[PDB]
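Enquirer: So that you have it, the file is upload_29.txt, and it contains compact mmCIF, C-alpha atoms:
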```
# COMPACT_ATOMS: atom_id res chain seq x y z
CA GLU A 1 0.00 0.00 0.00
CA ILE A 2 2.68 2.49 1.08
CA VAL A 3 4.38 4.15 -1.89
CA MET A 4 7.81 5.59 -1.16
CA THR A 5 9.45 8.21 -3.39
CA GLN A 6 13.11 9.16 -3.53
CA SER A 7 14.25 12.58 -4.73
CA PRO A 8 15.98 14.09 -6.61
CA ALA A 9 16.43 11.54 -9.40
CA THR A 10 20.03 12.64 -10.02
CA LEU A 11 22.82 14.43 -8.18
CA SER A 12 26.07 15.64 -9.75
CA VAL A 13 28.84 15.66 -7.14
CA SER A 14 32.47 16.45 -7.60
CA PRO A 15 34.75 14.21 -5.51
CA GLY A 16 35.08 15.21 -1.87
CA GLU A 17 31.72 17.00 -1.76
CA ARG A 18 28.69 16.54 0.48
CA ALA A 19 25.48 15.05 -0.91
CA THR A 20 21.91 14.90 0.36
CA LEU A 21 19.19 12.46 -0.74
CA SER A 22 15.58 12.81 0.44
CA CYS A 23 12.98 10.07 0.85
CA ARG A 24 9.26 10.60 1.43
CA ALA A 25 6.39 8.20 2.04
CA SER A 26 2.72 8.31 1.12
CA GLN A 27 1.95 7.42 4.75
CA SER A 28 3.87 7.48 8.01
CA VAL A 29 6.58 4.89 8.61
CA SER A 30 7.60 6.13 12.08
CA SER A 31 11.24 4.99 12.13
CA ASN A 32 11.05 1.62 10.35
CA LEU A 33 13.25 2.90 7.51
CA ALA A 34 16.59 1.91 6.02
CA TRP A 35 19.00 2.94 3.27
CA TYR A 36 20.79 0.56 0.90
CA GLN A 37 23.51 1.15 -1.69
CA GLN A 38 23.41 -0.39 -5.18
CA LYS A 39 26.60 -0.80 -7.20
CA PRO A 40 25.65 -1.90 -10.73
CA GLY A 41 26.70 -5.49 -11.34
CA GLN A 42 27.07 -6.42 -7.66
CA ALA A 43 24.39 -6.88 -5.00
CA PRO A 44 22.77 -4.05 -3.02
CA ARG A 45 24.41 -3.34 0.32
CA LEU A 46 23.20 -2.18 3.72
CA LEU A 47 24.02 1.38 4.74
CA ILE A 48 21.62 2.26 7.57
CA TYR A 49 19.02 -0.04 9.09
CA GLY A 50 17.47 2.15 11.75
CA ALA A 51 16.44 5.66 10.92
CA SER A 52 20.03 6.70 11.74
CA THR A 53 21.89 3.70 13.23
CA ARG A 54 24.82 2.90 10.96
CA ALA A 55 25.50 -0.74 10.24
CA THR A 56 28.89 -2.31 10.87
CA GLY A 57 31.75 -1.35 8.59
CA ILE A 58 30.22 1.59 6.72
CA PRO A 59 32.36 4.76 6.70
CA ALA A 60 31.28 7.32 9.30
CA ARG A 61 30.86 9.94 6.56
CA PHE A 62 27.44 8.33 5.94
CA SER A 63 24.48 9.24 8.11
CA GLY A 64 20.71 9.43 7.82
CA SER A 65 18.09 11.25 9.81
CA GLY A 66 14.33 11.59 9.84
CA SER A 67 10.99 10.30 11.09
CA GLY A 68 7.27 10.38 10.45
CA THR A 69 6.97 10.82 6.70
CA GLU A 70 10.30 12.49 5.81
CA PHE A 71 13.85 11.13 5.86
CA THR A 72 17.18 12.16 4.40
CA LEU A 73 20.47 10.36 3.91
CA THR A 74 23.64 12.43 3.70
CA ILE A 75 27.32 11.91 2.97
CA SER A 76 29.94 14.46 3.96
CA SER A 77 33.37 13.43 2.61
CA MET A 78 32.33 11.45 -0.46
CA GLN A 79 35.12 9.54 -2.21
CA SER A 80 35.33 8.22 -5.75
CA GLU A 81 34.29 4.68 -4.78
CA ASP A 82 31.13 5.99 -3.11
CA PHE A 83 29.74 6.96 -6.52
CA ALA A 84 26.86 4.52 -7.07
CA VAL A 85 23.05 4.36 -6.88
CA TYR A 86 21.05 4.48 -3.65
CA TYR A 87 17.68 3.19 -2.43
CA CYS A 88 15.47 4.03 0.53
CA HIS A 89 13.42 1.17 1.90
CA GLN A 90 10.68 0.88 4.51
CA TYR A 91 9.36 -2.05 6.51
CA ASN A 92 6.51 -0.70 8.63
CA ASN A 93 3.93 -2.56 6.49
CA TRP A 94 4.26 -4.65 3.34
CA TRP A 95 7.74 -3.42 2.52
CA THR A 96 8.52 -1.68 -0.76
CA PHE A 97 11.43 0.02 -2.49
CA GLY A 98 11.92 3.50 -3.85
CA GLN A 99 12.83 4.27 -7.43
CA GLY A 100 16.27 5.36 -6.26
CA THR A 101 18.68 8.24 -6.79
CA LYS A 102 21.68 8.34 -9.09
CA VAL A 103 24.95 10.04 -8.18
CA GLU A 104 27.46 10.97 -10.88
CA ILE A 105 30.89 12.56 -11.08
CA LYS A 106 31.02 16.28 -11.78
CA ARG A 107 33.67 17.56 -14.17
CA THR A 108 34.37 20.14 -16.85
CA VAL A 109 31.71 20.82 -19.46
CA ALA A 110 32.82 19.17 -22.70
CA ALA A 111 31.12 19.55 -26.07
CA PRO A 112 30.24 16.26 -27.82
CA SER A 113 32.37 14.92 -30.64
CA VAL A 114 29.87 13.75 -33.24
CA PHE A 115 30.23 11.22 -36.05
CA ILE A 116 27.79 9.59 -38.48
CA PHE A 117 28.12 6.32 -40.39
CA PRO A 118 25.90 5.30 -43.32
CA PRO A 119 25.21 1.77 -44.54
CA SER A 120 27.18 0.00 -47.26
CA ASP A 121 26.86 -2.69 -49.90
CA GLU A 122 26.92 -5.90 -47.86
CA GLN A 123 23.86 -4.88 -45.85
CA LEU A 124 21.78 -4.34 -48.99
CA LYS A 125 21.91 -8.05 -49.83
CA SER A 126 20.96 -8.59 -46.18
CA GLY A 127 18.25 -5.95 -46.60
CA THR A 128 18.83 -4.19 -43.26
CA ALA A 129 20.28 -0.80 -44.19
CA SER A 130 21.25 1.09 -41.04
CA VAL A 131 23.16 4.17 -39.88
CA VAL A 132 25.00 4.97 -36.65
CA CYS A 133 25.42 8.24 -34.73
CA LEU A 134 28.38 8.14 -32.33
CA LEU A 135 28.81 10.87 -29.72
CA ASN A 136 32.06 10.38 -27.82
CA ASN A 137 33.33 11.58 -24.45
CA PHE A 138 30.70 14.25 -23.87
CA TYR A 139 29.58 15.77 -20.58
CA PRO A 140 27.20 16.19 -18.82
CA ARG A 141 24.57 13.52 -19.41
CA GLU A 142 22.15 16.01 -21.00
CA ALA A 143 23.72 15.75 -24.47
CA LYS A 144 20.90 14.87 -26.85
CA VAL A 145 20.61 13.55 -30.39
CA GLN A 146 18.28 13.80 -33.41
CA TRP A 147 18.13 11.37 -36.30
CA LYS A 148 16.95 13.47 -39.24
CA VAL A 149 15.87 12.64 -42.79
CA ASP A 150 13.77 14.33 -45.47
CA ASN A 151 10.87 15.93 -43.58
CA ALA A 152 11.23 13.53 -40.63
CA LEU A 153 13.05 13.39 -37.30
CA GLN A 154 13.68 9.64 -37.13
CA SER A 155 12.86 9.12 -33.46
CA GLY A 156 10.50 6.23 -32.75
CA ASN A 157 12.03 3.93 -35.40
CA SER A 158 15.55 3.80 -33.95
CA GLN A 159 17.16 3.23 -30.56
CA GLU A 160 19.49 5.13 -28.27
CA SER A 161 22.04 3.46 -26.01
CA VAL A 162 24.64 4.90 -23.67
CA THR A 163 27.74 3.72 -21.87
CA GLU A 164 28.29 4.21 -18.19
CA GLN A 165 30.68 7.01 -17.31
CA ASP A 166 34.01 6.64 -19.03
CA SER A 167 35.05 6.53 -15.41
CA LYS A 168 38.78 6.85 -16.10
CA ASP A 169 37.82 10.38 -17.20
CA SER A 170 34.08 10.59 -16.29
CA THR A 171 32.64 11.43 -19.73
CA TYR A 172 29.70 9.81 -21.54
CA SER A 173 29.36 8.00 -24.86
CA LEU A 174 26.27 7.36 -26.97
CA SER A 175 25.83 5.04 -29.96
CA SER A 176 22.39 5.75 -31.39
CA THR A 177 21.41 3.30 -34.13
CA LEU A 178 18.93 3.81 -36.98
CA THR A 179 17.63 0.71 -38.77
CA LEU A 180 15.59 0.52 -41.98
CA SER A 181 14.53 -2.02 -44.57
CA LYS A 182 16.24 -3.12 -47.78
CA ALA A 183 14.69 -0.62 -50.19
CA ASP A 184 14.54 2.20 -47.64
CA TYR A 185 18.15 3.28 -48.18
CA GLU A 186 17.26 4.77 -51.57
CA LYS A 187 13.78 5.93 -50.53
CA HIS A 188 15.16 8.72 -48.33
CA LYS A 189 17.61 11.14 -49.93
CA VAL A 190 18.85 13.08 -46.88
CA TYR A 191 20.31 11.63 -43.69
CA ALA A 192 21.91 13.35 -40.73
CA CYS A 193 22.77 13.25 -37.05
CA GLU A 194 22.09 16.50 -35.18
CA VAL A 195 23.21 17.11 -31.60
CA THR A 196 22.29 19.60 -28.88
CA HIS A 197 24.25 20.25 -25.69
CA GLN A 198 24.82 23.35 -23.60
CA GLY A 199 28.37 23.46 -24.93
CA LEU A 200 26.72 23.93 -28.34
CA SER A 201 25.32 27.37 -29.11
CA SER A 202 23.94 25.79 -32.30
CA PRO A 203 23.21 22.13 -33.13
CA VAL A 204 26.15 20.11 -34.41
CA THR A 205 25.46 18.29 -37.68
CA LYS A 206 26.86 15.36 -39.63
CA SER A 207 25.20 14.23 -42.82
CA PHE A 208 25.11 12.13 -45.98
CA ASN A 209 22.83 11.79 -48.99
CA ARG A 210 21.81 9.68 -51.96
CA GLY A 211 22.29 10.59 -55.61
```
Show the structure stored in the file as structure tokens.
Expert:
Amino acid sequence: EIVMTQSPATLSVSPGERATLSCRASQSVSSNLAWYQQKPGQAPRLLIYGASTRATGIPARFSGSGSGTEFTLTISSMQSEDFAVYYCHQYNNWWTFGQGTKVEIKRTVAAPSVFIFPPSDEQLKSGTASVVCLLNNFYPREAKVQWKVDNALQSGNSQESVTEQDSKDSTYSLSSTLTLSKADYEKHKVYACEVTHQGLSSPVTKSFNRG
């Protein structure tokens, strides 16, 4: 019954900075609340089981506080390894989990390096003509893409995918893929990747065409 919501969805934190995550509940949970840490790939981990009691072995820079319907976890001397995802959990009724909060490295704003890649001959005989937009080592996560063709922004018939942080330098990479049928390659005459990002006063474009 009890829905629990965790805000804000994302926090950008440069190393060594203090971070604050808030958790709210549709109904009261008194103090039957806990905070877990999720490292992608591994298994979630216990951070705080009481409203504030820290479990064994967690660094003292972690601490949570709250009661009733509002709680907040906080970290004061965050290190690089602490960068992960977090969940607030309650057990005062049928227990449930919150959607969670991301935490990412903060770094210098970097404009996206954009490249486009059309199909070629071998795919025609396979009948799966496709194009790729590669955006490399951009920051922050807000960098956004547009597949464009003659009188059409080809979103809804293609897929976006993204790396994790290029953690050795903390940038992001995106490999959007556009896929069409055999005869489609010739049907459309214009093809382009367009990119927007606050390091871009105007959209960045890469393009190709038929003829």
Enquirer: Provide the atom CA of residue 39 of chain A to atom CA of residue 101 of chain A distance in Å, to one decimal place.
Expert: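 Interatomic distance, atom CA of residue 39 of chain A to atom CA of residue 101 of chain A: 12.0 Å.
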Enquirer: What gap, in Å, lies between atom CA of residue 51 of chain A and atom CA of residue 13 of chain A?
Expert: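 Distance between the two atoms: 24.1 Å.
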Enquirer: For each of A:2, A:109, A:25, A:190, take the minimum atom-to-atom distance to residue 70 of chain A, counting all atoms listed in the file, then give the residue where this is smallest.
Expert: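 Smallest separation from residue 70 of chain A among the options: A:25.
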Enquirer: Kindly compute an axis-aligned box around the listed atoms of segment 70-76 of chain A, allowing 8 Å on each side, and express its centre and edge lengths in Å to one decimal as lines of an AutoDock Vina configuration file.
Expert:
```
center_x = 20.1
center_y = 12.4
center_z = 4.4
size_x = 35.6
size_y = 20.1
size_z = 18.9
```
Enquirer: Can you pull out the residues contacting residue 199 of chain A? Cut-off 10 Å, using only C-alpha atoms, and skip same-chain residues under 3 positions away; I want them as a VMD selection string.
Expert: chain A and resid 109 to 112 138 to 140 143 196 202 to 203
Enquirer: Which one is closest to residue 183 of chain A: A:206, A:125, A:197, A:148? Count only C-alpha atoms.
Expert: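 Ranking A:206, A:125, A:197, A:148 by distance to residue 183 of chain A, first place goes to A:125.
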Enquirer: Hey, can you check how far atom CA of residue 4 of chain A sits from atom CA of residue 47 of chain A?
Expert: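 The value is 17.8 Å.
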Enquirer: Within 12 Å of residue 173 of chain A, counting all atoms listed in the file, which residues qualify if same-chain residues fewer than 3 places away don't, as a JSON list (two decimals) with C-alpha atoms, in the frame of the given file?
Expert:
```json
[["chain", "number", "residue", "atom", "x", "y", "z"],
["A", 110, "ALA", "CA", 32.82, 19.17, -22.70],
["A", 111, "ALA", "CA", 31.12, 19.55, -26.07],
["A", 112, "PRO", "CA", 30.24, 16.26, -27.82],
["A", 113, "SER", "CA", 32.37, 14.92, -30.64],
["A", 114, "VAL", "CA", 29.87, 13.75, -33.24],
["A", 115, "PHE", "CA", 30.23, 11.22, -36.05],
["A", 133, "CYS", "CA", 25.42, 8.24, -34.73],
["A", 134, "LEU", "CA", 28.38, 8.14, -32.33],
["A", 135, "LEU", "CA", 28.81, 10.87, -29.72],
["A", 136, "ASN", "CA", 32.06, 10.38, -27.82],
["A", 137, "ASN", "CA", 33.33, 11.58, -24.45],
["A", 138, "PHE", "CA", 30.70, 14.25, -23.87],
["A", 139, "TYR", "CA", 29.58, 15.77, -20.58],
["A", 140, "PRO", "CA", 27.20, 16.19, -18.82],
["A", 141, "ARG", "CA", 24.57, 13.52, -19.41],
["A", 142, "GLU", "CA", 22.15, 16.01, -21.00],
["A", 143, "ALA", "CA", 23.72, 15.75, -24.47],
["A", 144, "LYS", "CA", 20.90, 14.87, -26.85],
["A", 145, "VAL", "CA", 20.61, 13.55, -30.39],
["A", 160, "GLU", "CA", 19.49, 5.13, -28.27],
["A", 161, "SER", "CA", 22.04, 3.46, -26.01],
["A", 162, "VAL", "CA", 24.64, 4.90, -23.67],
["A", 163, "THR", "CA", 27.74, 3.72, -21.87],
["A", 164, "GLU", "CA", 28.29, 4.21, -18.19],
["A", 165, "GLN", "CA", 30.68, 7.01, -17.31],
["A", 166, "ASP", "CA", 34.01, 6.64, -19.03],
["A", 167, "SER", "CA", 35.05, 6.53, -15.41],
["A", 169, "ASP", "CA", 37.82, 10.38, -17.20],
["A", 170, "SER", "CA", 34.08, 10.59, -16.29],
["A", 176, "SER", "CA", 22.39, 5.75, -31.39]]
```
Enquirer: Of the candidates A:209, A:67, A:146, A:201, which one gets nearest to residue 28 of chain A if we count all atoms listed in the file?
Expert: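 Under the stated criterion, the closest residue is A:67.
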Enquirer: Could you name the residues that touch residue 83 of chain A at 8 Å or less, counting only C-alpha atoms, but leaving out those on the same chain fewer than 5 positions away, as a PyMOL selection string?
Expert: chain A and resi 78+103-105
Enquirer: Do you know which residues lie at most 9 Å from (20.4, 9.7, -11.6), with coordinates as in the file and all atoms listed in the file counted, and could you write them as a count of residues only?
Expert: 11
Enquirer: Distance cut-off 6 Å, centre (25.5, -2.9, 6.4) in file coordinates, counting all atoms listed in the file: which residues qualify? Return them as a PyMOL selection string.
Expert: chain A and resi 46-47+55-56
Enquirer: Export C-alpha atoms of the chosen residues as a PDB file, in the coordinates of the input?
Expert:
```pdb
ATOM      1  CA  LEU A  46      23.200  -2.180   3.720  1.00  0.00           C
ATOM      2  CA  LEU A  47      24.020   1.380   4.740  1.00  0.00           C
ATOM      3  CA  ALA A  55      25.500  -0.740  10.240  1.00  0.00           C
ATOM      4  CA  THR A  56      28.890  -2.310  10.870  1.00  0.00           C
TER       5      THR A  56
END
```
Enquirer: Can you tell me which residues surround residue 180 of chain A at a distance of at most 6 Å, considering all atoms listed in the file, apart from same-chain residues fewer than 6 positions away, and format the answer as a list in words?
Expert: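 Those residues are residues 128, 129 and 130 of chain A.
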Enquirer: Identify which of the residues A:42, A:86, A:3, A:53 lies closest to residue 20 of chain A, counting only C-alpha atoms when measuring atom-to-atom distances.
Expert: A:86
Enquirer: My list of candidates is A:38, A:16, A:76, A:50. Which is closest to residue 106 of chain A when distances are computed with all atoms listed in the file?
Expert: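 Residue with the minimum atom-to-atom distance to residue 106 of chain A: A:16.
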Enquirer: Which residue gives the smallest distance to residue 80 of chain A among A:15, A:40, A:59, A:156, with all atoms listed in the file counted?
Expert: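 Result for the nearest residue to residue 80 of chain A: A:15.
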Enquirer: Give me the residues near residue 187 of chain A as a VMD selection string, where near means some atom within 10 Å (using only C-alpha atoms) and where sequence neighbours in that chain fewer than 6 positions away do not count.
Expert: chain A and resid 150 181 210
Enquirer: Could you write segment 23-148 of chain A of the block just shown to a file containing C-alpha atoms, as an mmCIF file, in the first residue's frame?
Expert:
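result.cif written:
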```
data_model
loop_
_atom_site.group_PDB
_atom_site.id
_atom_site.type_symbol
_atom_site.label_atom_id
_atom_site.label_comp_id
_atom_site.auth_asym_id
_atom_site.auth_seq_id
_atom_site.Cartn_x
_atom_site.Cartn_y
_atom_site.Cartn_z
ATOM 1 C CA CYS A 23 12.977 10.069 0.846
ATOM 2 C CA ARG A 24 9.258 10.603 1.430
ATOM 3 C CA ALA A 25 6.388 8.202 2.039
ATOM 4 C CA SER A 26 2.716 8.306 1.123
ATOM 5 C CA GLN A 27 1.950 7.416 4.755
ATOM 6 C CA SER A 28 3.867 7.477 8.010
ATOM 7 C CA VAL A 29 6.581 4.893 8.611
ATOM 8 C CA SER A 30 7.602 6.134 12.078
ATOM 9 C CA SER A 31 11.239 4.988 12.128
ATOM 10 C CA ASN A 32 11.047 1.620 10.346
ATOM 11 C CA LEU A 33 13.248 2.902 7.511
ATOM 12 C CA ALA A 34 16.593 1.908 6.019
ATOM 13 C CA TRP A 35 19.002 2.941 3.272
ATOM 14 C CA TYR A 36 20.785 0.560 0.897
ATOM 15 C CA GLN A 37 23.508 1.151 -1.692
ATOM 16 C CA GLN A 38 23.408 -0.390 -5.178
ATOM 17 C CA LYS A 39 26.598 -0.799 -7.197
ATOM 18 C CA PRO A 40 25.655 -1.902 -10.730
ATOM 19 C CA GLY A 41 26.699 -5.489 -11.335
ATOM 20 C CA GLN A 42 27.073 -6.423 -7.656
ATOM 21 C CA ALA A 43 24.386 -6.884 -4.999
ATOM 22 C CA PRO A 44 22.774 -4.045 -3.025
ATOM 23 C CA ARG A 45 24.407 -3.345 0.322
ATOM 24 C CA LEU A 46 23.200 -2.184 3.717
ATOM 25 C CA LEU A 47 24.017 1.384 4.735
ATOM 26 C CA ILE A 48 21.623 2.256 7.568
ATOM 27 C CA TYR A 49 19.018 -0.038 9.086
ATOM 28 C CA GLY A 50 17.468 2.151 11.754
ATOM 29 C CA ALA A 51 16.444 5.665 10.915
ATOM 30 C CA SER A 52 20.025 6.701 11.745
ATOM 31 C CA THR A 53 21.890 3.701 13.227
ATOM 32 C CA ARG A 54 24.820 2.904 10.955
ATOM 33 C CA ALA A 55 25.500 -0.744 10.239
ATOM 34 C CA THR A 56 28.887 -2.309 10.874
ATOM 35 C CA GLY A 57 31.752 -1.352 8.588
ATOM 36 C CA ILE A 58 30.221 1.588 6.722
ATOM 37 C CA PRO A 59 32.357 4.763 6.702
ATOM 38 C CA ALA A 60 31.281 7.315 9.295
ATOM 39 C CA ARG A 61 30.856 9.936 6.563
ATOM 40 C CA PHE A 62 27.442 8.332 5.943
ATOM 41 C CA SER A 63 24.479 9.244 8.115
ATOM 42 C CA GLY A 64 20.715 9.428 7.816
ATOM 43 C CA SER A 65 18.088 11.252 9.813
ATOM 44 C CA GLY A 66 14.330 11.589 9.838
ATOM 45 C CA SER A 67 10.988 10.305 11.086
ATOM 46 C CA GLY A 68 7.273 10.381 10.451
ATOM 47 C CA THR A 69 6.970 10.822 6.696
ATOM 48 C CA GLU A 70 10.302 12.489 5.807
ATOM 49 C CA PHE A 71 13.849 11.132 5.860
ATOM 50 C CA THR A 72 17.184 12.156 4.401
ATOM 51 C CA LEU A 73 20.470 10.361 3.915
ATOM 52 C CA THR A 74 23.638 12.431 3.703
ATOM 53 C CA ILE A 75 27.319 11.906 2.970
ATOM 54 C CA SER A 76 29.943 14.465 3.959
ATOM 55 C CA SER A 77 33.374 13.426 2.606
ATOM 56 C CA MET A 78 32.334 11.447 -0.462
ATOM 57 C CA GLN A 79 35.123 9.539 -2.209
ATOM 58 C CA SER A 80 35.329 8.215 -5.754
ATOM 59 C CA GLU A 81 34.292 4.681 -4.782
ATOM 60 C CA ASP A 82 31.125 5.993 -3.112
ATOM 61 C CA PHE A 83 29.736 6.960 -6.519
ATOM 62 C CA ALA A 84 26.859 4.520 -7.067
ATOM 63 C CA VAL A 85 23.051 4.357 -6.878
ATOM 64 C CA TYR A 86 21.046 4.477 -3.650
ATOM 65 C CA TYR A 87 17.676 3.189 -2.431
ATOM 66 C CA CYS A 88 15.472 4.029 0.527
ATOM 67 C CA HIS A 89 13.419 1.165 1.905
ATOM 68 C CA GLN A 90 10.676 0.882 4.513
ATOM 69 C CA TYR A 91 9.362 -2.053 6.512
ATOM 70 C CA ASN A 92 6.511 -0.696 8.627
ATOM 71 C CA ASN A 93 3.930 -2.555 6.488
ATOM 72 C CA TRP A 94 4.265 -4.649 3.338
ATOM 73 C CA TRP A 95 7.736 -3.416 2.516
ATOM 74 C CA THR A 96 8.523 -1.681 -0.762
ATOM 75 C CA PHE A 97 11.432 0.021 -2.489
ATOM 76 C CA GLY A 98 11.924 3.504 -3.846
ATOM 77 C CA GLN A 99 12.834 4.266 -7.431
ATOM 78 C CA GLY A 100 16.272 5.362 -6.256
ATOM 79 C CA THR A 101 18.676 8.241 -6.794
ATOM 80 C CA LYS A 102 21.681 8.345 -9.089
ATOM 81 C CA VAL A 103 24.949 10.044 -8.182
ATOM 82 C CA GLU A 104 27.465 10.969 -10.882
ATOM 83 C CA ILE A 105 30.891 12.558 -11.082
ATOM 84 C CA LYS A 106 31.019 16.281 -11.777
ATOM 85 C CA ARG A 107 33.667 17.556 -14.169
ATOM 86 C CA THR A 108 34.373 20.141 -16.849
ATOM 87 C CA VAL A 109 31.714 20.825 -19.458
ATOM 88 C CA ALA A 110 32.819 19.169 -22.703
ATOM 89 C CA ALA A 111 31.124 19.546 -26.071
ATOM 90 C CA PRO A 112 30.241 16.259 -27.822
ATOM 91 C CA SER A 113 32.374 14.922 -30.638
ATOM 92 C CA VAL A 114 29.868 13.746 -33.236
ATOM 93 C CA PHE A 115 30.226 11.216 -36.048
ATOM 94 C CA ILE A 116 27.790 9.591 -38.476
ATOM 95 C CA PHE A 117 28.121 6.318 -40.385
ATOM 96 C CA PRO A 118 25.899 5.305 -43.316
ATOM 97 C CA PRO A 119 25.211 1.775 -44.542
ATOM 98 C CA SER A 120 27.177 -0.001 -47.255
ATOM 99 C CA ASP A 121 26.864 -2.688 -49.897
ATOM 100 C CA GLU A 122 26.919 -5.902 -47.861
ATOM 101 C CA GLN A 123 23.864 -4.883 -45.848
ATOM 102 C CA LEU A 124 21.783 -4.339 -48.989
ATOM 103 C CA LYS A 125 21.911 -8.045 -49.825
ATOM 104 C CA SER A 126 20.958 -8.590 -46.184
ATOM 105 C CA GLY A 127 18.248 -5.950 -46.600
ATOM 106 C CA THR A 128 18.829 -4.191 -43.262
ATOM 107 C CA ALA A 129 20.278 -0.798 -44.194
ATOM 108 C CA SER A 130 21.252 1.089 -41.043
ATOM 109 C CA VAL A 131 23.156 4.166 -39.881
ATOM 110 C CA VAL A 132 25.001 4.967 -36.646
ATOM 111 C CA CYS A 133 25.417 8.238 -34.734
ATOM 112 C CA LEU A 134 28.378 8.141 -32.334
ATOM 113 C CA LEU A 135 28.814 10.866 -29.719
ATOM 114 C CA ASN A 136 32.057 10.382 -27.817
ATOM 115 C CA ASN A 137 33.331 11.580 -24.445
ATOM 116 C CA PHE A 138 30.700 14.250 -23.873
ATOM 117 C CA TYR A 139 29.580 15.771 -20.584
ATOM 118 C CA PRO A 140 27.198 16.188 -18.821
ATOM 119 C CA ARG A 141 24.571 13.524 -19.412
ATOM 120 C CA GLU A 142 22.152 16.006 -20.999
ATOM 121 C CA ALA A 143 23.724 15.747 -24.468
ATOM 122 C CA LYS A 144 20.897 14.872 -26.848
ATOM 123 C CA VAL A 145 20.607 13.554 -30.394
ATOM 124 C CA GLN A 146 18.285 13.796 -33.408
ATOM 125 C CA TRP A 147 18.134 11.366 -36.305
ATOM 126 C CA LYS A 148 16.952 13.473 -39.244
#
```
